[PDB]
Amino acid sequence: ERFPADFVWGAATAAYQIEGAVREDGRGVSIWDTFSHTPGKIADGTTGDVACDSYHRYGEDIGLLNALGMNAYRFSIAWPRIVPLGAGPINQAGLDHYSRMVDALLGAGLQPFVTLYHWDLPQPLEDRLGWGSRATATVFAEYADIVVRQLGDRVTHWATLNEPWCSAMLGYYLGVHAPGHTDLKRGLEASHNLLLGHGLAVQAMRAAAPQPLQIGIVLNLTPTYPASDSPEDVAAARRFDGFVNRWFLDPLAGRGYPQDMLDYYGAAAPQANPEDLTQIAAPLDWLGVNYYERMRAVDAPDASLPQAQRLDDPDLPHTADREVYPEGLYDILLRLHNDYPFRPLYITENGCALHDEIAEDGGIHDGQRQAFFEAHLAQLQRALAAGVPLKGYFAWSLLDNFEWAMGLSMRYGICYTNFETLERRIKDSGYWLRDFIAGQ
Ligand code: NA
């Protein structure tokens, strides 16, 4: 029934998804400014130019967090605000903004869980191959150093990257996220350079820190299950599990890249010397899990790599964009706790998108999202029972926002955002979370 009295309860956002104010106060151009302004890349014609206006309105966001009774806020710092040219001088006005925001959070009793990199690569870097260039790793670590120097007196818990799989594979292989490239080799190169940047940044942060820090990385993980026990389907499940999960988990754990996936990728695989792998494995203080869905895999020998497709299950519920499978959160956590070295663990995202509307009464009756939280929280109790060292949970998202290639059309908030007026209102699932956390 009850979580630890010191458990972290929060909600999560990312800078480009919420801030707006894309040209204000020296901010540079990010890959997502370029990509969202390219016709056809975003489903609904929208951009992050305004989004939730949280650059100006983070006080309102704090108001929501307070009303929900949370004790933490997971948000990202926009590299474009800090180092507008990507490699170059700092923009002190960017640092001061986040300093005030940090102070406002602490004043409110909300612990800042800061993500350094949530996908907003400065475009000048991308002009020099972006994550396809080792140099971008080096300058990422420089950025991480500067931010920690200024804010590490107040912020203890930091994450280097969010969802490197997405940045590499959706940004550089599948083309659906910024910058929009479509080549496997560049995706895999990008994955390496992200991981290297991570590891360089960890070391840089520890040296720059004015106090000891709790440094992590945030990974999306997708528990994968073969649709049958055939050798074809099991192999398909392994390939998909390697493509999403083990590709990142293994090097981080100091186990190198998984050899099965190296063989599979062939000459598309990256150049990975021992020195880089050592740096990638820089010791972490925690690992963040972003959990949404499972993959029930059938072999798909004509599909692109990894040649594994989802077998739909019409007896499971679906949201606006995903299949719901709460058990997968228990499975993936039990696997981390027993099979990998990372500890403690945080759930740094979990949530769902629905076709939310304000009803005649003025509330948002998003029962399926309440049920989603209740079912996943129950699985976290099961994981805790099994000994998994879980220390906190962040709902994705605090508020509806710019959901990447889906635009503002795909609503993940526990709070509803009216994108015309910028008014926010707590959804019924948000009130549920409030009352559940208060009970805890
Ligand atoms: Na549905």
Side-chain angles (χ1 to χ4, degrees), residues 11-13 17 42-46 68 163 166 170 174 176-177 220-227 237 240 244 289-298 300 308-333 347-382 393-419 424-436:
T13 62
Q17 306 186 261
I42 309 305
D44 65 359
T46 67
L68 294 166
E163 305 189 3
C166 283
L170 305 186
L174 299 174
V176 296
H177 284 182
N220 52 302
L221 294 173
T222 301
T224 306
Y225 305 84
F240 187 94
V244 181
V289 183
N290 293 354
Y291 179 72
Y292 296 89
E293 57 202 3
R294 70 169 184 177
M295 171 57 161
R296 181 171 73 161
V298 292
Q309 293 171 343
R310 174 175 279 93
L311 183 73
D312 302 332
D313 190 340
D315 303 339
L316 289 178
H318 294 241
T319 66
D321 64 341
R322 308 185 185 263
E323 181 193 64
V324 185
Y325 189 71
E327 297 81 1
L329 182 46
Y330 174 88
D331 293 340
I332 198 75
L333 292 170
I347 307 307
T348 38
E349 296 178 14
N350 178 239
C352 65
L354 302 171
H355 292 128
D356 298 302
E357 57 200 341
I358 296 177
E360 173 68 18
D361 58 279
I364 305 85
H365 312 303
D366 61 333
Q368 182 179 10
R369 182 173 295 110
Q370 181 180 306
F372 186 98
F373 292 129
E374 287 194 41
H376 287 83
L377 288 171
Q379 299 299 313
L380 298 179
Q381 276 287 343
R382 292 176 63 223
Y393 179 85
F394 295 82
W396 188 267
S397 184
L398 181 59
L399 68 176
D400 300 333
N401 62 54
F402 179 80
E403 181 48 36
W404 304 123
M406 319 304 341
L408 300 175
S409 289
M410 191 67 69
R411 294 184 180 271
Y412 270 95
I414 70 184
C415 305
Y416 187 89
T417 308
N418 179 327
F419 297 113
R424 305 95 157 90
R425 181 163 309 208
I426 300 169
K427 306 182 188 171
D428 287 353
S429 64
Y431 288 114
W432 187 85
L433 280 169
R434 175 195 76 178
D435 297 340
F436 181 75

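For the numbers below, each heavy atom of this structure counts, side chains included, while hydrogens, waters and symmetry mates do not. For the single chain, residues carry numbers from 1 onward in sequence order. As the structure lists them, so they are numbered: ligands from 1, and atoms in each ligand from 1.
By the side-chain hydrogen bond (donor to acceptor under 3.5 Å, both in side chains) test, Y291 is found to be paired with no residue, residues two or more places apart in sequence or in another chain being considered. Applying the side-chain hydrogen bond (donor to acceptor under 3.5 Å, both in side chains) criterion to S429, with sequence neighbours excluded, gives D366. Applying the ring pair (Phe, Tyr, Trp, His ring centres under 6.0 Å) criterion to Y416, with sequence neighbours excluded, gives no partner residue.
Of the charged side-chain nitrogens involved, at least one lies within less than 4.0 Å of a carboxylate oxygen, so that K427 and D400 count as a salt-bridged pair.
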**Request:** Applying side-chain hydrogen bond (donor to acceptor under 3.5 Å, both in side chains), run through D313 and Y325 and close with a yes or a no.
**Result:** CA-CA 10 Å; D313 190 340; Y325 189 71; over 6 Å; no
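Proximity of a side-chain donor or acceptor of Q17 to a complementary backbone N or O of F402 within less than 3.5 Å is detected.
Neighbours of the Na ion (ligand 1) restricted to protein N, O or S atoms under 3.0 Å: the count is 1.
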